[PDB]
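Presented as structure tokens, the chain that follows is alone, the form deposited in one PDB entry.
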């Protein structure tokens, strides 16, 4: 997927664009399942606005409320039952990546006569899915315009990504105002996640053009410049707009399907979230820099390039490796300066379960084995 660029979701970006819902729903069925999280959309007033638009569209509404961060497969199965109960034609996901990922799993589960966990574990390949669209309230995992979904089995302590072109969103409404009330920590997590997709793309071997590299470096620089201002001024339209734009539309100009499918490359983060339920991007901030150090290429050209072009590392009097490692230091220091965690200790995680986590994570050049995962976990304590 590294040479494939495919983003078929219709994006509508701007203030008040929830009012485009009736037009976008016109071609779909009238029985709509509205899927959302723990209540933030009611506190912001977005819920009432969505209901108002759904009434204007003449649709019959039922709801699945309470999707959890790191969405549970029990919640997926509950949504599937609601789809059968209410003869749902179309789903509307209003929330963040957990809500959208959950809606994708419901949309596919609705066409499968079995436990939705079979889709997550790739036991059943989806052959059909209900259509759905999104109203994004957190910038920005990419789920609002990609084909992947990451679901937790809390009973077995497993968290796995799966995907299907049948669960690309039909449309996604992207309004910076709808991200105003994302609290500080999840605003940080959203930006850590955005940046991580760009790193994943950049680290591909011999599949980036030089201009694509410039696009990625500029994106990273703009997130880095904007993030400290946003975290101290969370209801600022232009700051929220910058992060929403750079985390959504802009990335269609540089991210391959492989980078948008990078939910297949974070086994360690998944295993830690599977056991302790920490936010995915909190795991990224703790673990990804130590993964970069553990796997830094013996030709550190690509990370050297990022260190110099994004993190302003002065290479005079340094080896290329010193420059590359300094870039990783500056990345982690930047995330920490926003308030991101940088040790498992920050989430009250000690070394008690590192062996079990490594086993769960293990369930080309530089690929990891169990000792690699254990070493990265220990370095992150």
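Numbering follows the first chain given and starts at 1. By rigid core we mean the largest C-alpha set that fits within 1.5 Å across both forms.
According to the entry, the deposited sequence has 4 to 9 residues without coordinates between residue 363 and residue 364. Judged by mean Cα B factor in the deposited record, 110 to 118 ranks above the other of 110 to 118 and 234 to 242. Looking at 119 to 127 and 153 to 161 together, the entry lists the larger mean B-factor for 119 to 127, computed on C-alpha atoms. Based on the entry's C-alpha B-factors, the most elevated value among 139, 284, 174, 308 belongs to 308.
By the numbers in the PDB entry, the CA B factor is greatest at 313 among 349, 328, 313, 34. Among the modelled residues of its chain, residue 218 has a C-alpha B-factor that falls in the lowest third, as given in the PDB entry. Among the modelled residues of the chain, residue 67 sits in the middle third by CA temperature factor in this PDB entry. Sort the modelled residues of the chain by CA B factor and residue 290 lands in the middle third. Among the modelled residues of its chain, residue 85 has a C-alpha B-factor that falls in the highest third according to the deposited record. Per-chain ranking of the deposited C-alpha B factor places residue 75 in the middle third.
Separately, the form deposited in another entry exists; it is not shown, and the next lines address it.
Note: rigid core superposed between the shown form and the other one; among 251, 73, 191, 80, the CA shift is 2 Å or more only at 251. Residue 125 is not among the residues whose C-alpha shifts by 2 Å or more between the shown form and the other one once the rigid core is aligned; its shift stays under 2 Å.
The Cα position of residue 208 differs by 2 Å or more between the shown form and the other one after fitting on the rigid core. Residue displacement note: residue 297 has its CA displaced by at least 2 Å between the shown form and the other one (rigid core superposed). A shift of at least 3 angstroms brings the Cα atoms of residue 265 and residue 339 nearer to each other in that other deposited form than in the displayed structure.
Compared with the form shown here, the C-alpha atoms of residue 103 and residue 252 sit at least 3 Å closer together in that other deposited form.
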